[PDB]
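K.L.:
Next comes the structure file final37.cif, holding mmCIF, N, CA and C atoms.
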```
data_run
#
loop_
_atom_site.label_atom_id
_atom_site.label_comp_id
_atom_site.auth_asym_id
_atom_site.auth_seq_id
_atom_site.Cartn_x
_atom_site.Cartn_y
_atom_site.Cartn_z
N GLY A 1 59.14 37.49 27.77
CA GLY A 1 57.83 36.95 27.47
C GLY A 1 57.28 37.32 26.11
N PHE A 2 58.02 38.09 25.32
CA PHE A 2 57.59 38.56 24.01
C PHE A 2 58.56 38.04 22.96
N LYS A 3 58.02 37.39 21.93
CA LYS A 3 58.83 36.79 20.88
C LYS A 3 58.18 37.03 19.53
N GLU A 4 59.01 37.37 18.54
CA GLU A 4 58.58 37.67 17.19
C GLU A 4 59.05 36.56 16.26
N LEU A 5 58.11 35.96 15.53
CA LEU A 5 58.39 34.90 14.58
C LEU A 5 58.27 35.48 13.17
N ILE A 6 59.35 35.36 12.39
CA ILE A 6 59.42 35.95 11.05
C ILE A 6 59.82 34.82 10.11
N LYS A 7 58.83 34.12 9.55
CA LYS A 7 59.13 33.15 8.50
C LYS A 7 59.44 33.85 7.19
N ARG A 8 58.66 34.88 6.85
CA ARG A 8 58.84 35.60 5.60
C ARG A 8 58.29 37.00 5.76
N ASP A 9 59.06 37.99 5.31
CA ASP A 9 58.65 39.38 5.38
C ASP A 9 57.68 39.67 4.24
N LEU A 10 57.44 40.96 3.98
CA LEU A 10 56.59 41.35 2.86
C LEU A 10 57.15 40.80 1.55
N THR A 11 56.27 40.25 0.73
CA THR A 11 56.64 39.71 -0.57
C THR A 11 55.51 40.01 -1.54
N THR A 12 55.80 40.82 -2.56
CA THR A 12 54.81 41.26 -3.53
C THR A 12 55.00 40.51 -4.84
N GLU A 13 53.91 40.00 -5.39
CA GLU A 13 53.91 39.34 -6.69
C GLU A 13 52.72 39.84 -7.50
N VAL A 14 52.87 39.80 -8.82
CA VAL A 14 51.90 40.37 -9.75
C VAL A 14 51.50 39.30 -10.75
N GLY A 15 50.20 39.20 -11.01
CA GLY A 15 49.72 38.23 -11.99
C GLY A 15 48.22 38.29 -12.11
N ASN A 16 47.68 37.26 -12.77
CA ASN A 16 46.23 37.10 -12.97
C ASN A 16 45.63 38.29 -13.72
N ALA A 17 46.35 38.78 -14.72
CA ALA A 17 45.77 39.77 -15.62
C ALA A 17 44.74 39.12 -16.52
N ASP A 18 43.64 39.82 -16.76
CA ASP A 18 42.58 39.38 -17.67
C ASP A 18 42.72 40.19 -18.95
N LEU A 19 43.38 39.60 -19.95
CA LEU A 19 43.57 40.29 -21.22
C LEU A 19 42.24 40.50 -21.94
N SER A 20 41.27 39.62 -21.73
CA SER A 20 39.98 39.76 -22.39
C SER A 20 39.27 41.05 -22.01
N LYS A 21 39.58 41.62 -20.84
CA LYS A 21 39.01 42.88 -20.39
C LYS A 21 40.02 44.01 -20.31
N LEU A 22 41.28 43.76 -20.67
CA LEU A 22 42.35 44.76 -20.57
C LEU A 22 42.47 45.30 -19.14
N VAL A 23 42.52 44.38 -18.18
CA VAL A 23 42.77 44.71 -16.78
C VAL A 23 44.18 44.24 -16.43
N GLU A 24 44.91 45.07 -15.71
CA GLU A 24 46.31 44.81 -15.43
C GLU A 24 46.45 43.74 -14.35
N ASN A 25 47.70 43.34 -14.11
CA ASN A 25 47.98 42.25 -13.20
C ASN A 25 47.55 42.60 -11.78
N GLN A 26 46.88 41.65 -11.13
CA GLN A 26 46.60 41.78 -9.71
C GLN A 26 47.90 41.84 -8.93
N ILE A 27 48.18 42.98 -8.32
CA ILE A 27 49.35 43.13 -7.46
C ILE A 27 48.93 42.72 -6.06
N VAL A 28 49.61 41.72 -5.50
CA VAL A 28 49.25 41.11 -4.23
C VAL A 28 50.51 40.95 -3.40
N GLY A 29 50.43 41.39 -2.14
CA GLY A 29 51.51 41.20 -1.19
C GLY A 29 51.05 40.30 -0.07
N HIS A 30 51.99 39.52 0.47
CA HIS A 30 51.69 38.59 1.56
C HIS A 30 52.87 38.56 2.51
N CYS A 31 52.65 37.92 3.66
CA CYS A 31 53.62 37.94 4.75
C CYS A 31 53.32 36.79 5.70
N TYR A 32 54.38 36.10 6.13
CA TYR A 32 54.29 35.04 7.14
C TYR A 32 54.95 35.55 8.41
N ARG A 33 54.15 35.75 9.46
CA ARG A 33 54.67 36.25 10.72
C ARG A 33 53.79 35.78 11.86
N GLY A 34 54.37 35.79 13.05
CA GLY A 34 53.64 35.42 14.25
C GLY A 34 54.18 36.19 15.43
N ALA A 35 53.30 36.48 16.38
CA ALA A 35 53.64 37.24 17.57
C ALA A 35 53.21 36.45 18.80
N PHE A 36 54.12 36.32 19.76
CA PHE A 36 53.84 35.68 21.04
C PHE A 36 53.98 36.74 22.12
N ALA A 37 52.93 36.91 22.93
CA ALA A 37 52.89 37.93 23.96
C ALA A 37 52.37 37.31 25.25
N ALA A 38 52.35 38.11 26.31
CA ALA A 38 52.01 37.60 27.63
C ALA A 38 51.53 38.72 28.54
N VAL A 39 50.65 38.35 29.48
CA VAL A 39 50.28 39.23 30.59
C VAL A 39 51.27 39.15 31.74
N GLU A 40 52.16 38.16 31.74
CA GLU A 40 53.14 38.01 32.80
C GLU A 40 54.17 39.12 32.82
N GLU A 41 54.22 39.97 31.79
CA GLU A 41 55.25 40.98 31.64
C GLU A 41 54.76 42.41 31.85
N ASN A 42 53.45 42.63 31.95
CA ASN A 42 52.87 43.96 31.84
C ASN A 42 52.11 44.37 33.09
N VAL A 43 52.16 45.67 33.39
CA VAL A 43 51.26 46.33 34.33
C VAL A 43 50.67 47.54 33.63
N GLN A 44 49.35 47.66 33.66
CA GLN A 44 48.62 48.67 32.91
C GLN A 44 48.29 49.85 33.82
N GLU A 45 48.73 51.03 33.42
CA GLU A 45 48.61 52.24 34.23
C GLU A 45 47.43 53.08 33.77
N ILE A 46 47.02 54.00 34.64
CA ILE A 46 46.04 55.03 34.32
C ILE A 46 46.71 56.37 34.57
N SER A 47 46.91 57.13 33.51
CA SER A 47 47.65 58.40 33.56
C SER A 47 49.05 58.18 34.10
N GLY B 1 41.47 71.13 -40.36
CA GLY B 1 40.46 70.72 -39.40
C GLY B 1 40.52 69.25 -39.08
N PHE B 2 41.08 68.46 -39.99
CA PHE B 2 41.19 67.02 -39.82
C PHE B 2 42.53 66.69 -39.18
N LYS B 3 42.50 66.03 -38.02
CA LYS B 3 43.72 65.67 -37.30
C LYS B 3 43.58 64.29 -36.68
N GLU B 4 44.69 63.55 -36.70
CA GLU B 4 44.77 62.19 -36.21
C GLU B 4 45.44 62.19 -34.84
N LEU B 5 44.82 61.50 -33.88
CA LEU B 5 45.34 61.39 -32.53
C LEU B 5 45.75 59.95 -32.27
N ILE B 6 47.02 59.76 -31.89
CA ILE B 6 47.59 58.43 -31.67
C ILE B 6 48.24 58.43 -30.30
N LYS B 7 47.81 57.51 -29.44
CA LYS B 7 48.46 57.23 -28.17
C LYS B 7 49.11 55.86 -28.14
N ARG B 8 48.55 54.88 -28.84
CA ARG B 8 49.19 53.58 -29.05
C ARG B 8 48.85 53.12 -30.46
N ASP B 9 49.87 52.86 -31.26
CA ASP B 9 49.65 52.43 -32.64
C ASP B 9 48.91 51.10 -32.67
N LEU B 10 49.56 50.04 -32.21
CA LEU B 10 48.93 48.73 -32.12
C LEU B 10 49.75 47.84 -31.21
N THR B 11 49.18 47.44 -30.08
CA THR B 11 49.89 46.66 -29.06
C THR B 11 49.24 45.28 -28.99
N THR B 12 49.88 44.30 -29.61
CA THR B 12 49.47 42.91 -29.52
C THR B 12 50.21 42.26 -28.37
N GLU B 13 49.49 41.48 -27.56
CA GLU B 13 50.07 40.86 -26.39
C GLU B 13 49.34 39.56 -26.08
N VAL B 14 50.11 38.51 -25.86
CA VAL B 14 49.59 37.20 -25.49
C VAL B 14 49.58 37.11 -23.97
N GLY B 15 48.48 36.59 -23.41
CA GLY B 15 48.29 36.59 -21.98
C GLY B 15 47.71 35.31 -21.41
N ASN B 16 46.70 35.45 -20.56
CA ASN B 16 46.23 34.34 -19.73
C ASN B 16 45.73 33.18 -20.58
N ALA B 17 46.10 31.97 -20.17
CA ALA B 17 45.76 30.74 -20.87
C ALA B 17 45.29 29.71 -19.87
N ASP B 18 44.37 28.86 -20.31
CA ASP B 18 43.82 27.80 -19.46
C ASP B 18 44.70 26.57 -19.64
N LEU B 19 45.67 26.41 -18.74
CA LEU B 19 46.54 25.24 -18.81
C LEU B 19 45.77 23.95 -18.61
N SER B 20 44.71 23.99 -17.80
CA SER B 20 43.96 22.77 -17.50
C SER B 20 43.30 22.20 -18.74
N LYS B 21 42.89 23.05 -19.68
CA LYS B 21 42.28 22.61 -20.93
C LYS B 21 43.27 22.59 -22.09
N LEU B 22 44.56 22.82 -21.84
CA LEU B 22 45.57 22.91 -22.89
C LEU B 22 45.19 23.95 -23.93
N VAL B 23 44.66 25.07 -23.47
CA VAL B 23 44.34 26.21 -24.32
C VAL B 23 45.56 27.11 -24.38
N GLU B 24 45.85 27.63 -25.57
CA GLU B 24 47.00 28.50 -25.76
C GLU B 24 46.68 29.92 -25.30
N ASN B 25 47.71 30.75 -25.25
CA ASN B 25 47.55 32.14 -24.83
C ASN B 25 46.57 32.87 -25.73
N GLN B 26 45.70 33.66 -25.12
CA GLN B 26 44.83 34.55 -25.88
C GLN B 26 45.65 35.71 -26.42
N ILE B 27 45.67 35.87 -27.74
CA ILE B 27 46.37 36.97 -28.38
C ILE B 27 45.36 38.09 -28.58
N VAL B 28 45.62 39.23 -27.94
CA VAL B 28 44.70 40.36 -27.89
C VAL B 28 45.44 41.59 -28.37
N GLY B 29 44.95 42.18 -29.46
CA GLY B 29 45.48 43.43 -29.97
C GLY B 29 44.59 44.58 -29.54
N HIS B 30 45.19 45.76 -29.41
CA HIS B 30 44.43 46.95 -29.06
C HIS B 30 45.21 48.18 -29.49
N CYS B 31 44.51 49.31 -29.52
CA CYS B 31 45.11 50.57 -29.94
C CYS B 31 44.30 51.72 -29.35
N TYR B 32 45.00 52.73 -28.86
CA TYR B 32 44.39 53.96 -28.36
C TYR B 32 44.51 55.02 -29.44
N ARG B 33 43.40 55.30 -30.12
CA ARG B 33 43.39 56.23 -31.24
C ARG B 33 42.16 57.11 -31.17
N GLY B 34 42.24 58.24 -31.86
CA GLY B 34 41.12 59.15 -31.94
C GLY B 34 41.27 60.05 -33.14
N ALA B 35 40.14 60.51 -33.65
CA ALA B 35 40.08 61.33 -34.85
C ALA B 35 39.26 62.58 -34.57
N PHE B 36 39.74 63.71 -35.08
CA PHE B 36 39.03 64.98 -35.00
C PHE B 36 38.69 65.42 -36.42
N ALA B 37 37.41 65.67 -36.67
CA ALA B 37 36.90 66.08 -37.97
C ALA B 37 36.14 67.40 -37.81
N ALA B 38 35.49 67.84 -38.88
CA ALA B 38 34.81 69.12 -38.84
C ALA B 38 33.79 69.22 -39.97
N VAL B 39 32.85 70.16 -39.80
CA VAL B 39 31.95 70.57 -40.87
C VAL B 39 32.48 71.78 -41.63
N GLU B 40 33.47 72.48 -41.09
CA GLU B 40 34.04 73.65 -41.74
C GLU B 40 34.94 73.31 -42.92
N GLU B 41 35.09 72.03 -43.26
CA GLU B 41 36.04 71.59 -44.27
C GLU B 41 35.39 70.96 -45.49
N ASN B 42 34.15 70.48 -45.37
CA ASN B 42 33.56 69.58 -46.35
C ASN B 42 32.34 70.18 -47.02
N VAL B 43 32.12 69.76 -48.27
CA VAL B 43 30.90 70.04 -49.01
C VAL B 43 30.42 68.73 -49.60
N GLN B 44 29.22 68.30 -49.21
CA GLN B 44 28.64 67.09 -49.76
C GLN B 44 28.15 67.34 -51.18
N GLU B 45 28.27 66.31 -52.02
CA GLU B 45 27.83 66.36 -53.40
C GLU B 45 26.99 65.13 -53.69
N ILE B 46 26.04 65.29 -54.60
CA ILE B 46 25.13 64.22 -55.01
C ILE B 46 25.36 63.95 -56.49
N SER B 47 25.61 62.69 -56.82
CA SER B 47 25.90 62.27 -58.19
C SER B 47 27.07 63.05 -58.77
#
```
What would you get if you wrote out this structure as structure tokens?

P.N.:
Amino acid sequence: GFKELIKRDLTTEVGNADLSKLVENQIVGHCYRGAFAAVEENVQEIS
Amino acid sequence: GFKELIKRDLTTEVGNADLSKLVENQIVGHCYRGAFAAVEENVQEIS
């Protein structure tokens, strides 16, 4: 009942530096993923 | 007493440009410099 969708893992890219202010490139990471879960598989315990 | 401090001589770098307006890269020069002076070294003179 549990499935992991991985279109793309972590991917870091750098850009959008503003030379007019001497600010360095915006370092940005992104990820494409999805998780499918269910209550049909679980029982929740106490202690 | 007079000493010159240099961390970057002169760093010219072309960067962000507005492609939509057909603007070319902004060329921005900069330098990290500093100077140390003193009163223990100098005598002012008039005429």

K.L.:
What does the C-alpha RMSD come to when chain A is least-squares superposed onto chain B, all C-alpha atoms paired in sequence order?

P.N.:
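C-alpha RMSD, chain A fitted to chain B: 0.6 Å.
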
K.L.:
As JSON, numbers by chain, could you give me every residue of chain B near chain A (at most 7 Å apart, counting all atoms listed in the file)?

P.N.:
{"B": [15, 16, 28]}

K.L.:
Just say which residues the PyMOL selection byres (((chain B and resi 8 and name CA) around 9) and name CA) picks in this file, as a PyMOL selection string.

P.N.:
chain B and resi 6-7+9-11+30-33

K.L.:
Convert the current residue selection to file output with N, CA and C atoms, as a PDB file, in the coordinates of the input.

P.N.:
```
ATOM      1  N   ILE B   6      47.020  59.760 -31.890  1.00  0.00           N
ATOM      2  CA  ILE B   6      47.590  58.430 -31.670  1.00  0.00           C
ATOM      3  C   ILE B   6      48.240  58.430 -30.300  1.00  0.00           C
ATOM      4  N   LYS B   7      47.810  57.510 -29.440  1.00  0.00           N
ATOM      5  CA  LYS B   7      48.460  57.230 -28.170  1.00  0.00           C
ATOM      6  C   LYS B   7      49.110  55.860 -28.140  1.00  0.00           C
ATOM      7  N   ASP B   9      49.870  52.860 -31.260  1.00  0.00           N
ATOM      8  CA  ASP B   9      49.650  52.430 -32.640  1.00  0.00           C
ATOM      9  C   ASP B   9      48.910  51.100 -32.670  1.00  0.00           C
ATOM     10  N   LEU B  10      49.560  50.040 -32.210  1.00  0.00           N
ATOM     11  CA  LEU B  10      48.930  48.730 -32.120  1.00  0.00           C
ATOM     12  C   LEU B  10      49.750  47.840 -31.210  1.00  0.00           C
ATOM     13  N   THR B  11      49.180  47.440 -30.080  1.00  0.00           N
ATOM     14  CA  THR B  11      49.890  46.660 -29.060  1.00  0.00           C
ATOM     15  C   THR B  11      49.240  45.280 -28.990  1.00  0.00           C
ATOM     16  N   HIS B  30      45.190  45.760 -29.410  1.00  0.00           N
ATOM     17  CA  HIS B  30      44.430  46.950 -29.060  1.00  0.00           C
ATOM     18  C   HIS B  30      45.210  48.180 -29.490  1.00  0.00           C
ATOM     19  N   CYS B  31      44.510  49.310 -29.520  1.00  0.00           N
ATOM     20  CA  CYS B  31      45.110  50.570 -29.940  1.00  0.00           C
ATOM     21  C   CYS B  31      44.300  51.720 -29.350  1.00  0.00           C
ATOM     22  N   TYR B  32      45.000  52.730 -28.860  1.00  0.00           N
ATOM     23  CA  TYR B  32      44.390  53.960 -28.360  1.00  0.00           C
ATOM     24  C   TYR B  32      44.510  55.020 -29.440  1.00  0.00           C
ATOM     25  N   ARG B  33      43.400  55.300 -30.120  1.00  0.00           N
ATOM     26  CA  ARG B  33      43.390  56.230 -31.240  1.00  0.00           C
ATOM     27  C   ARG B  33      42.160  57.110 -31.170  1.00  0.00           C
TER      28      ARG B  33
END
```

K.L.:
Interatomic distance between atom CA of residue A:13 and atom CA of residue B:24?

P.N.:
23.0 Å

K.L.:
Taking the DSSP secondary structure from the backbone, can you list the residues of chain B that are strand (DSSP E or B), as a PyMOL selection string?

P.N.:
chain B and resi 3-14+27-36

K.L.:
For the selection just defined, write its residues with N, CA and C atoms to a file, as a short mmCIF file (atom, residue, chain, number, x, y, z; two decimals), in the frame of the given file.

P.N.:
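again11.cif written:
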```cif
data_model
loop_
_atom_site.label_atom_id
_atom_site.label_comp_id
_atom_site.auth_asym_id
_atom_site.auth_seq_id
_atom_site.Cartn_x
_atom_site.Cartn_y
_atom_site.Cartn_z
N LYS B 3 42.50 66.03 -38.02
CA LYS B 3 43.72 65.67 -37.30
C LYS B 3 43.58 64.29 -36.68
N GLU B 4 44.69 63.55 -36.70
CA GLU B 4 44.77 62.19 -36.21
C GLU B 4 45.44 62.19 -34.84
N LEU B 5 44.82 61.50 -33.88
CA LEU B 5 45.34 61.39 -32.53
C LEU B 5 45.75 59.95 -32.27
N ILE B 6 47.02 59.76 -31.89
CA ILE B 6 47.59 58.43 -31.67
C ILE B 6 48.24 58.43 -30.30
N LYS B 7 47.81 57.51 -29.44
CA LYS B 7 48.46 57.23 -28.17
C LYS B 7 49.11 55.86 -28.14
N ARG B 8 48.55 54.88 -28.84
CA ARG B 8 49.19 53.58 -29.05
C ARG B 8 48.85 53.12 -30.46
N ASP B 9 49.87 52.86 -31.26
CA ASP B 9 49.65 52.43 -32.64
C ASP B 9 48.91 51.10 -32.67
N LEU B 10 49.56 50.04 -32.21
CA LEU B 10 48.93 48.73 -32.12
C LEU B 10 49.75 47.84 -31.21
N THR B 11 49.18 47.44 -30.08
CA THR B 11 49.89 46.66 -29.06
C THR B 11 49.24 45.28 -28.99
N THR B 12 49.88 44.30 -29.61
CA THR B 12 49.47 42.91 -29.52
C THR B 12 50.21 42.26 -28.37
N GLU B 13 49.49 41.48 -27.56
CA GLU B 13 50.07 40.86 -26.39
C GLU B 13 49.34 39.56 -26.08
N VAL B 14 50.11 38.51 -25.86
CA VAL B 14 49.59 37.20 -25.49
C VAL B 14 49.58 37.11 -23.97
N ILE B 27 45.67 35.87 -27.74
CA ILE B 27 46.37 36.97 -28.38
C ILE B 27 45.36 38.09 -28.58
N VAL B 28 45.62 39.23 -27.94
CA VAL B 28 44.70 40.36 -27.89
C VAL B 28 45.44 41.59 -28.37
N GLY B 29 44.95 42.18 -29.46
CA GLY B 29 45.48 43.43 -29.97
C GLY B 29 44.59 44.58 -29.54
N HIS B 30 45.19 45.76 -29.41
CA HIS B 30 44.43 46.95 -29.06
C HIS B 30 45.21 48.18 -29.49
N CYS B 31 44.51 49.31 -29.52
CA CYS B 31 45.11 50.57 -29.94
C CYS B 31 44.30 51.72 -29.35
N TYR B 32 45.00 52.73 -28.86
CA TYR B 32 44.39 53.96 -28.36
C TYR B 32 44.51 55.02 -29.44
N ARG B 33 43.40 55.30 -30.12
CA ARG B 33 43.39 56.23 -31.24
C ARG B 33 42.16 57.11 -31.17
N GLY B 34 42.24 58.24 -31.86
CA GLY B 34 41.12 59.15 -31.94
C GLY B 34 41.27 60.05 -33.14
N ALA B 35 40.14 60.51 -33.65
CA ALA B 35 40.08 61.33 -34.85
C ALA B 35 39.26 62.58 -34.57
N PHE B 36 39.74 63.71 -35.08
CA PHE B 36 39.03 64.98 -35.00
C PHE B 36 38.69 65.42 -36.42
#
```

K.L.:
Box time for stretch 18-36 of chain A: axis-aligned, enclosing all its listed atoms, 8 Å extra on each side; report centre and edge lengths in Å to one decimal, as AutoDock Vina command-line options.

P.N.:
```
--center_x 47.0 --center_y 40.2 --center_z -0.1 --size_x 31.9 --size_y 26.3 --size_z 60.5
```

K.L.:
In Å, how far is it from atom CA of residue B:26 to atom CA of residue B:14?

P.N.:
5.5 Å

K.L.:
Neighbouring residues of stretch 35-45 of chain A were defined as those with any atom within 7 Å, considering only C-alpha atoms; residues of the same chain fewer than 3 positions away were excluded. Please report them as a list in words.

P.N.:
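Using only C-alpha atoms, the neighbours found are residues 1, 2, 3, 4 and 5 of chain A.
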